[PDB]
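In what follows, a structure is listed as structure tokens, so that the remarks can point back to it.
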Amino acid sequence: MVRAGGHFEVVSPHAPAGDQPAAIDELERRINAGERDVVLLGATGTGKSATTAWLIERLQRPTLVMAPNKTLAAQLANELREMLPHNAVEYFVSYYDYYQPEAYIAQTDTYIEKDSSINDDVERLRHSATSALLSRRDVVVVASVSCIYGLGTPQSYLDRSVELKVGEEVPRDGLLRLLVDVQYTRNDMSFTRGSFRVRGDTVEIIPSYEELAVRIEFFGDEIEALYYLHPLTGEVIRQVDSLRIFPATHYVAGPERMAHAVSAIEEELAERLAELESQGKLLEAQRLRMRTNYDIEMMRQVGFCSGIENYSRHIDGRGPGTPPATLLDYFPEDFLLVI
DNA sequence: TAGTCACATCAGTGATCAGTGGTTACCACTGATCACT
């Protein structure tokens, strides 16, 4: 919802020539009338990312572009960063340099556990998408099919976290409660991702969306100053005053959202227990109950775990069969989609 | 048949730090025989 007015400016010398100007002009004339299905044909060696950038800059909408693999989306995002440097261009689905599914091969009867290799810049781009989508309008996000996978609702991502502005009377206890309510950990000697350095008047944080460090220095029970500093060295960058912080997860949830998630988890657990009792799957129901028992208590303690997406609906408050809350909800009703 | 799912816990796997654990006499007096009257 919150989207600062951004203008897409392209400095690349490449411009439409010959068939390209007429093609893009007709594309715009025939897109302005509201038809929901739009088919473009286009070969290689012509700058498809360039055409997407031209459409983006002459449409001025938050854009979600769609790619079916890595060796396309990665360089597409790099290009749209090149011709849109001021605007935020990032890669969302990503999350790995390599991955192994937590899947079940039925033919071999093999349950393979989840394995991840999270690149810091890759998850930086992902969380930059999920955050700047709710902080600015000039956002271009590239994603694979997992963009239609259910994350948390953008409403909670934008209003159930906290905003800090200089010279406000917010106690340290409330700050720590909100930090542990926005999925952050407790680490002092080193500075890792999503942990708070708490030393007297100094509270240093590393957002998931900005890999750098944010330091707030207190004066009593009222914050005195706020700055952007390097994580491990504390290098001064600039002077900032207002920061609407976002949690280290896309499944943001305040206390009442924990209540809603717990109630939904309980009701669907009862439904699934009844279904498995009717199906005669005693061992399966037991395994699910042990997994959910480990996956209920520590959400109301801190929240962050592996497999939180499997309960994402319970966080969102939606119903079965309804479209899951995805990156589309983060976009407004006037967003642009590219395939 | 392959690029999709979160910033997690394992269970040791298996060197180093650090509690403990033990270990190593100049004089001086009486002794005293043959030193003395």
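Name the single residue that is farthest from DNA strand B (Cβ to nearest atom) among those in the range A:143-157 being surrounded by fewer than 19 Cβ atoms within 10 Å (Cβ to Cβ) and either of a type outside the set (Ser, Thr, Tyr) or at positive phi (or both). Break it down stepwise before answering.
To start, the set of residues in the range A:143-157 that are surrounded by fewer than 19 Cβ atoms within 10 Å (Cβ to Cβ) comprises A:144-146, A:148-149, A:155.
Now restrict to residues that are either of a type outside the set (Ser, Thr, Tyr) or at positive phi (or both): A:145, A:148, A:155.
Details: A:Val145: 6, A:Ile148: 10, A:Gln155: 17 Å.
Checked the range A:143-157; the qualifying residue farthest from DNA strand B (Cβ to nearest atom) is A:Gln155.
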Consider A:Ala261 against the criteria (1) on the phi > 0 side of the Ramachandran plot; (2) within 16 Å of DNA strand B (Cβ to nearest atom); (3) in contact with a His (Cβ under 7 Å, 6 or more places away or on another chain): it satisfies all of them except one. Which criterion is unmet? (1)
Mind checking which residues of the range A:182-201 are out of contact with any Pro (no Cβ under 8 Å at 6 or more places or on another chain), part of a loop (DSSP other than H, G, I, E, B) and either surrounded by 18 or more Cβ atoms within 10 Å (Cβ to Cβ) or in contact (Cβ under 8 Å) with a residue 60 or more places away in the chain (or both)? A:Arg193
Would you call A:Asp120 over 25 Å from A:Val65 (Cβ atoms) and surrounded by fewer than 19 Cβ atoms within 10 Å (Cβ to Cβ)? no
Scanning the range A:101-158 for residues that are hydrophobic (A, V, I, L, M, F, W, C) and without any contact (Cβ under 8 Å) to a residue 24 or more places away in the chain gives A:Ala103, A:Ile105, A:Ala106, A:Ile112, A:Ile118
Unmet criterion (only one of (1) over 28 Å from A:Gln75 (Cα atoms); (2) of a type outside the set (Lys, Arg); (3) in contact with a helix residue (DSSP H, G or I) (Cβ under 8 Å, 6 or more places away or on another chain); (4) within 14 Å of DNA strand B (Cβ to nearest atom)) for A:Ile112: (3)
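Looking for something at negative phi and either within 16 Å of DNA strand B (Cβ to nearest atom) or among the aromatic types (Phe, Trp, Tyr) (or both) - is there at least one such residue anywhere in the range A:271-284?
no
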Note down all Cβ pairs under 8 Å where the first residue falls in the range A:243-255 and is more than 20 Å from A:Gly307 (Cα to Cα) and within 15 Å of DNA strand B (Cβ to nearest atom), the second is in a strand (DSSP E or B) and not small (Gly, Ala, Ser), and they're at least six residues apart or on different chains. A:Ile245/A:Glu163; A:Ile245/A:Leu164; A:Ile245/A:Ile205; A:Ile245/A:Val214
Which condition breaks for A:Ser131 when tested against (1) polar (S, T, N, Q); (2) within 11 Å of DNA strand B (Cβ to nearest atom); (3) touching a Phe, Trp or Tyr at 6+ places or on another chain (Cβ under 6 Å)? (2)
Checking A:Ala103 against (1) among the aliphatic types (A, V, I, L, M); (2) within 8 Å of DNA strand B (Cβ to nearest atom); (3) crowded, with 20+ Cβ neighbours inside 10 Å: exactly one of these is not met. Which one? (3)
I'd like to check something: does the range A:17-37 contain any residue that is surrounded by 12 or more Cβ atoms within 10 Å (Cβ to Cβ), part of a helix (DSSP H, G or I) and within 23 Å of the chain's Cα centre (by Cα)? no
Which numbered condition A:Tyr227 fails, given (1) part of a loop (DSSP other than H, G, I, E, B); (2) farther than 25 Å from A:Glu102 by Cα; (3) more than 16 Å from DNA strand B (Cβ to nearest atom): (1)
Among the helices (runs of 4 or more DSSP H) confined wholly to the range A:230-339, which include 2 or more residues that are over 30 Å from A:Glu57 (Cα atoms)? A:255-279, A:282-294, A:312-316
Just wondering, is there one or more residues in the range A:160-181 that are crowded, with 22+ Cβ neighbours inside 10 Å, in contact with a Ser or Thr (Cβ under 9 Å, 6 or more places away or on another chain) and under 20 Å from A:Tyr311 (Cβ atoms)? no
I'd like to check something: does the range A:144-167 contain any residue that is touching an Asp or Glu at 6+ places or on another chain (Cβ under 6 Å) and among the β-branched types (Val, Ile, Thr)? yes
Those residues of the range A:202-218 which are in a strand (DSSP E or B) and free of Cβ contacts under 8 Å to residues at least 40 places away in the same chain amount to A:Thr202, A:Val203, A:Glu204, A:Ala213, A:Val214, A:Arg215, A:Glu217
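Readers should treat all values here as calculations from the given coordinates under stated rules, not as data from a laboratory. Don't worry about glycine lacking a Cβ; one is built from the backbone with ideal geometry, like all the others, and counts go over all protein chains shown.
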